[PDB]
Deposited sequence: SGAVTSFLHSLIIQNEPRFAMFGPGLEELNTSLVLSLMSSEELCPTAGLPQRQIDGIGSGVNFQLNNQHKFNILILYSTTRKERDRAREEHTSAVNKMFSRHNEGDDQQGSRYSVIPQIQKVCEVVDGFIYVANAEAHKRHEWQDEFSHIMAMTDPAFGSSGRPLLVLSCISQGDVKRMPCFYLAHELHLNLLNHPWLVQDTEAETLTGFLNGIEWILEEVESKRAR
């Protein structure tokens, strides 16, 4: 490359910010199943990667040769530093049919969190349409993309169906956002 005899500028594994109504409104917790399970190797984050008042997140991997880090947030000054260091965003939506939404707020929430003032706009946004378990009535993903007006945000996106208990769909979604990363 531009350097044949000197080591290169360090590249740390991809980091993502994860938030959303799906992290509390579901009868079954998504984070617990992610933590309390495998093929994924969840480990505590390194103190060096600490982000003041937030921590260093949780580490995962797909197959020993593919690792990423995630900063889980259950609320919304400090988060801004996250919006800058992070490579991508992950919004967990409640896709259970019996639910009624305030599509106006949800849009704004995302809007705020994802401003180009904190970083590029080529940074991917992954939307997880989640439900507790396979026998729950779910609202189709098309309706969700439509009601959230995802095009106004200007960030390339993807909506993927997920199940909190078995984690169905989680892999295919993660795999996708890891590519919009190697696109950078």
What are the C-alpha gaps when you align the coordinates back onto the deposited sequence? 1 to 3, 80 to 116, 225 to 227
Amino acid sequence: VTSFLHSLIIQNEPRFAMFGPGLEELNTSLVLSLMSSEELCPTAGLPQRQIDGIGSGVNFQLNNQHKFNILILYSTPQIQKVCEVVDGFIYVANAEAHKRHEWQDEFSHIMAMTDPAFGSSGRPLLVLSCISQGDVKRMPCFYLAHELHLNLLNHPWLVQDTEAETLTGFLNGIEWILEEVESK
From here on, numbers count along this sequence of modelled residues.
Between 131 to 139 and 45 to 53, name whichever shows the higher mean Cα B factor according to the PDB entry. 45 to 53
Hey, which bit's got the bigger mean C-alpha B factor in the entry, 142 to 150 or 30 to 38? 30 to 38
Of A95, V86, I72, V92, which one's C-alpha B factor is largest in the deposited record? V86
Per the PDB entry, maximal CA B factor within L8, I177, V1, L5: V1
Compare the C-alpha B factor of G119 with those of the other modelled residues in its chain, then answer lowest, middle or highest third. middle
Please place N12 in the lowest, middle or highest third of its chain by C-alpha B factor as given in the entry. highest
